[PDB]
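The structure under discussion appears below in the form of structure tokens.
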Amino acid sequence: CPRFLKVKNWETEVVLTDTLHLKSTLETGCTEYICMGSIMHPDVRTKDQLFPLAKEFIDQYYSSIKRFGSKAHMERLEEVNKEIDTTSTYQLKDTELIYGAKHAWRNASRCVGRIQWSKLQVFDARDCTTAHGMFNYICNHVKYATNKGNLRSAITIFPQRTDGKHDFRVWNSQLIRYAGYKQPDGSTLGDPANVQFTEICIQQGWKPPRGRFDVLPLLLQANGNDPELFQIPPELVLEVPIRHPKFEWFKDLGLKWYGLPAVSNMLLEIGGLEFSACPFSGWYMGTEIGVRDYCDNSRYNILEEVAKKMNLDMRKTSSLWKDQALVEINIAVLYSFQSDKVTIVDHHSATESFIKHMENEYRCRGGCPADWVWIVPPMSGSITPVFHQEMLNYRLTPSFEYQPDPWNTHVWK
Amino acid sequence: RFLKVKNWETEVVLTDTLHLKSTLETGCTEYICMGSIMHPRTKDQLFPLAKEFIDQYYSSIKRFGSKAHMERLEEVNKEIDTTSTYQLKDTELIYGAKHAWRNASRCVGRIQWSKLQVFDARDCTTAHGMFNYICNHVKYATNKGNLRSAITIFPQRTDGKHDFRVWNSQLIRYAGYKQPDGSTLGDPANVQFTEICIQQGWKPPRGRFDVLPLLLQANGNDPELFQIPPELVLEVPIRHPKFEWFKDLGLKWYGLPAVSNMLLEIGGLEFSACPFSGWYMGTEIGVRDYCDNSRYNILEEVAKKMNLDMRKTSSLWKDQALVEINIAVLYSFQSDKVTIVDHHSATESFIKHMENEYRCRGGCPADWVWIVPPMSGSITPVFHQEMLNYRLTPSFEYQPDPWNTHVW
Ligand code: HEM
Ligand code: HEM
Ligand SMILES: Cc1ccncc1CCCNCc1ccc2ccc(N)nc2c1
Ligand SMILES: Cc1ccncc1CCCNCc1ccc2ccc(N)nc2c1
Ligand SMILES: C[C@H](O)[C@H](O)[C@H]1CNc2nc(N)[nH]c(=O)c2N1
Ligand SMILES: C[C@H](O)[C@H](O)[C@H]1CNc2nc(N)[nH]c(=O)c2N1
Ligand SMILES: [Zn+2]
């Protein structure tokens, strides 16, 4: 690998130089003969595996606070090494945990929102022992992050993995999501994405209202025990009914969505340590709701219904009736959130901010890993600046990772 | 290993074995992906490449290891020995050109790959000859609006000092002019090429949509200017089926997209002039040509006529105007009976093509970054389709612009 890799923006002709890729730690899935850039996803660490991973991270941390090679750095190194040697693992200091979480976000190549990476409230939940305790921590997170509509990014970090048989897990994919119900006739009520999880909740004892927008209960696993069900207090769940500034009929569609996107099924990796329960939240880019949640054929799938209300010619694809309806739905989502003073960002503003962030990162850090396939929004790609921006994708640690769904691996007691 | 690609909407899983055939580099490594980067002979080099190609050709016609196949290899080897190169048979040229298209990972139009009219222009020696061949291509491909895919192939590279080149990036394009007030008139993408034409004696009309002359280089000589006969240049005035004011924008485009600056590589041989043409997908014109900030950049004017509120981005005024412009382009071509395909129909055909290719070929190299359309991405099926990208030969390649190489 050459020391300097250059990226060009084809619209501005700006050329940036990447050196940070030299710090890449993991595989992308690509090789010199194949690219897997559009592939969605292309037992514990031993003492000897853990040693260099910890040192790599501790070095990175002390370099970041301008104390590299200091007495405190050398002492922390020795202390960590001693701990790994005597206990097969180690515990992060609060400072290091905070640094690690912010950097996992900073390193998330798929995230367009990273200009915000240094403003992340970190909740240390490593003292948690029970599902009830996890419930308490999660409620506090939701309330803090929601902030009456003035959303604040946050992460709550539960105890790290030990032997792999005592994992903390949030079984939910996001803290707040809507149930989906498969009907005897093959139709689906609610969110089809969530049918499997909904069925699991029902089996565990959840009594479902069986509506279109039912907030799912939390299914929480502490210390490897069987997961337990909890209802999020509804006053903590901020929702926005969707209406359109021109179309008075849009409200009659009965759509709404929740304000807080809070992904809860990822794994946070810091210094070789694995935090299998680390729910984090930011705020929405409008297209996540207006394009994907509402218009994906396998999701709420509303294009036809909206197009019919718009009196559109739906006989030919070339009338672009779908595209026309898609825009109006996204206008409505943004309009409804702004009207209710719930933080949201449009895809133009978000990508423009991301470009500035990327330029700053190249300047101060020597690069910014970015996954074009994910960064470019799902509508109007080329009229956003990110479409024209060459990117380099690579994996830096600390990082957020995918992990298997817990019902697939859980040993029921 | 066999690699699986999944469609996340349909849950269809395909199995790729074809990638195992590639030997050319992608640009990525195990540690860095360059998937969004635009651009990541000798006798000794020549024979194995030739052999590789002759082998797959005789395999494709189910006569691998035949007397014909063996005689051909023997023939090619002697020819490389005694002349430092070799000449393709007509059958081989056609097979190779079709497969370069078939292997073009960035092309969403590949369901048409085996329907390609190949014009053999390897006997051409002068720019005048090049002009004749190109006029014939344009006339055949245009076909009064019923567009037909075609490629015209000029003599291959010999020593690199006698290249045939079409200096135009496409056979038909619009001039761009830098103005005193620092603005650009016409297509800003073509400002440089336009200046070269002017320098060489082209008298510019200095309008918004002036069809550029052809600038043609034969056998490494200085390029020469030619005017395409205007009756051969099919154009479409853009109007809108609802907005009667849209025609007042004075917009038009040409019907024939004919890319002329790529290099066609077959069996180690390099065809530096190989203009090829198909037909448009509407977004090429309506989104990129018309709405790129660096191109005609019409969103603001259009949004004005639509009386949209343009104070805040979150009104999505850009997205609204964008859809209407793309409706106009499709409507206009269709009303004039000029072949064009919308991004919905095109991507749908591409998914079917992928399925065909996995079934009969073991895979289909595809570049998601290029395949997904520049508007309404996730409401087309390719957005949800995992793709594998790898490099197969015969292929179309980029080459440097001739004005950065040519000594006059
Ligand atoms: C502050 C506002 C934020 C915005 C506007 C934002 C925006 C986005 C968007 C639009 C995506 C693509 C999601 C999809 O299409 O499914 C994404 C992905 C991602 N975000 Fe951000 N994000 C924000 C905050 C955060 C925070 C606070 C974290 C972690 C601390 C984070 C970590 C990630 C990760 C790891 C991904 C990749 C997800 C995956 O691969 O499934 N983001 N972000
Ligand atoms: C017949 C109808 C066709 C359609 C609708 C079509 C569609 C497209 C589109 C939309 C692109 C993206 C181009 C861009 O965004 O600049 C593309 C790329 C490409 N097409 Fe096709 N195409 C067609 C025929 C052909 C033919 C006949 C050939 C060659 C014989 C071809 C070879 C290529 C190549 C090499 C690329 C990649 C261009 C690059 O890398 O710059 N296509 N196609
Ligand atoms: C996991 C999966 C598999 C197949 N299809 C779709 C998915 C969903 C992708 C999950 N990632 C969603 C995600 C993650 C982090 C986010 C952070 C902020 C934000 N606004 N949205 C996010 C959205
Ligand atoms: C030339 C260039 C330089 C820098 N960045 C970007 C580019 C754009 C690449 C141009 N490719 C255009 C192209 C190629 C083949 C096509 C075939 C059919 C068709 N309808 N359009 C095509 C359009
Ligand atoms: C096949 C493809 O990789 C897949 O559909 C991806 C494309 N890009 C994406 N980009 C974002 N932001 N979110 C997604 O879910 C996806 N899905
Ligand atoms: C940076 C990025 O690679 C570049 O803008 C690409 C993105 N995808 C594209 N896709 C198509 N079809 N055509 C293009 O010119 C581009 N440009
Ligand atoms: Zn790659």
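Here the protein sequences line up with chains A and B, keeping their order. Just so you know, the first sequence maps onto residues 302 to 343, 352 to 722 in the entry's author numbering. Just so you know, the second sequence maps onto residues 304 to 343, 354 to 721 in the entry's author numbering. Every residue gets a Cβ at the ideal spot worked out from N, C-alpha and C, and that includes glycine.
Query raised in the report: Taking Cβ positions only, does residue 318/A come closer than 9 Å to chain B?
Result: no
Query raised in the report: Any heavy atom of ligand 5 closer than 8 Å to the CB of residue 656/A?
Result: no
Query raised in the report: So who's on the other strand from residue 594/B, going by DSSP bridges?
Result: 654/B
Query raised in the report: Along chain B, which residues have their Cβ under 9 Å away from the Cβ of residue 690/A?
Result: 600, 685, 686, 687, 688, 689 and 690
Report task. For the alpha helix (DSSP H) containing residue 361/A, list its first residue and its last residue. Result -> 356-373
Query raised in the report: Regarding residue 420/B and ligand 4, is the C-beta to nearest heavy atom distance less than 8 Å?
Result: yes
Requested in this report: Find the nearest neighbour of residue 703/B within the set 306/A, 333/A, 328/A and 302/A, judged by alpha-carbon distance.
Outcome: 333/A
Requested in this report: Taking only runs that begin and end inside the segment 440-465 of chain B, name each unbroken beta strand (DSSP E) of 3 or more residues, in chain order.
Outcome: none
Requested in this report: Go ahead and label residue 304/A buried or exposed: buried means 16 or more other beta carbons lie within 10 angstroms of its beta carbon, across all protein chains shown.
Outcome: exposed
Query raised in the report: Whose Cβ in chain A lies nearer than 8 Å to the Cβ of residue 564/B?
Result: Correct list: empty, because the minimum Cβ distance to chain A is about 17 Å.
Query - Residues, ordered as in the chain, of the segment 646-668 of chain B that lie near chain A by beta-carbon distance below 9 Å - result: 647, 653, 654, 655, 656, 657, 658 and 661
Query raised in the report: When every heavy atom of ligand 5 is checked, does at least one fall within less than 8 Å of the C-beta of residue 339/A?
Result: yes
Query - Same chain, Cβ closer than 7 Å to residue 533/A, five either side skipped, listed in chain order - result: 474, 475 and 476
Query raised in the report: With residue 407/A and residue 587/A assumed to form a contact (beta carbons below 8 Å), what rounded beta-carbon distance in angstroms separates them?
Result: The Cβ separation is near 13 Å, so there is no contact.
Report task. State yes or no: is the C-beta of residue 668/A nearer than 8 Å to some heavy atom of ligand 6? Result -> no
Requested in this report: Assign residue 329/A to buried or exposed, taking buried as 16 or more other Cβ atoms, counted over all protein chains shown, within 10 Å of its Cβ.
Outcome: buried
Report task. Compute every distance between the C-beta of residue 700/A and the non-hydrogen atoms of ligand 6, then say whether any falls below 8 Å. Result -> yes
Requested in this report: Within the same chain, show all residues whose beta-carbon is closer than 6 Å to that of residue 486/A, passing over the 5 residues directly before and after it, in chain order.
Outcome: 503 and 525
Report task. Name the two residues that bound the continuous beta strand (DSSP E) containing residue 579/B. Result -> 576-579
Query raised in the report: residue 478/B bridges to which residues according to DSSP?
Result: 530/B
Requested in this report: Could you run through the segment 425-444 of chain B and flag, in chain order, every residue whose CB is less than 8 Å away from some CB of chain A?
Outcome: none
**Report entry** Assigned secondary structure, residue 670/A (DSSP; H/G/I helix, E/B strand, else coil)
**Finding:** helix
Query raised in the report: Is there at least one non-hydrogen atom of ligand 3 closer than 8 Å to the beta-carbon of residue 584/A?
Result: no
Query raised in the report: Taking only beta-carbon atoms, is residue 593/B less than 9 Å away from chain A?
Result: no
Query raised in the report: Can residue 683/A be considered in contact with ligand 1, in the sense that its beta carbon sits closer than 8 Å to one or more heavy atoms?
Result: yes
Query raised in the report: For residue 628/B, does the count of other Cβ atoms within 10 angstroms reach 16, so buried, or fall short, so exposed?
Result: buried
Query raised in the report: Considering only residues of the same chain and omitting the five flanking positions on each side of residue 707/B, which have a CB-CB separation below 8 Å?
Result: 366, 409, 410, 412, 413, 416, 577, 578, 579 and 580
Query raised in the report: With distances taken between CB atoms, is the gap from residue 537/B to residue 567/B smaller than 9 Å?
Result: no
Query raised in the report: Would you say residue 308/B faces chain A, with C-beta separation under 9 Å as the test?
Result: yes
Report task. Could you name the residues of the same chain whose beta carbon sits closer than 8 Å to that of residue 392/B, not counting the 5 residues immediately before and after it, in chain order? Result -> 398, 399 and 400
Query raised in the report: What does a CB cutoff of less than 6 Å around residue 468/A pick up in its chain, not counting 5 residues either side in sequence?
Result: 435 and 477
Query - Continuous alpha helix (DSSP H) assignments of at least 4 residues falling wholly in the segment 551-636 of chain B - result: 612-618
Query - C-alpha gap between residue 590/A and residue 464/A, whole angstroms - result: 6 Å
Query raised in the report: To which residues does DSSP link residue 537/A through a beta bridge?
Result: 529/A
Query - Cut-off 8 Å between Cβ atoms - residues of its own chain near residue 601/A, not counting five sequence neighbours on either side - result: 608 and 687
Query - CB contact below 9 Å: residue 311/A versus chain B - result: yes
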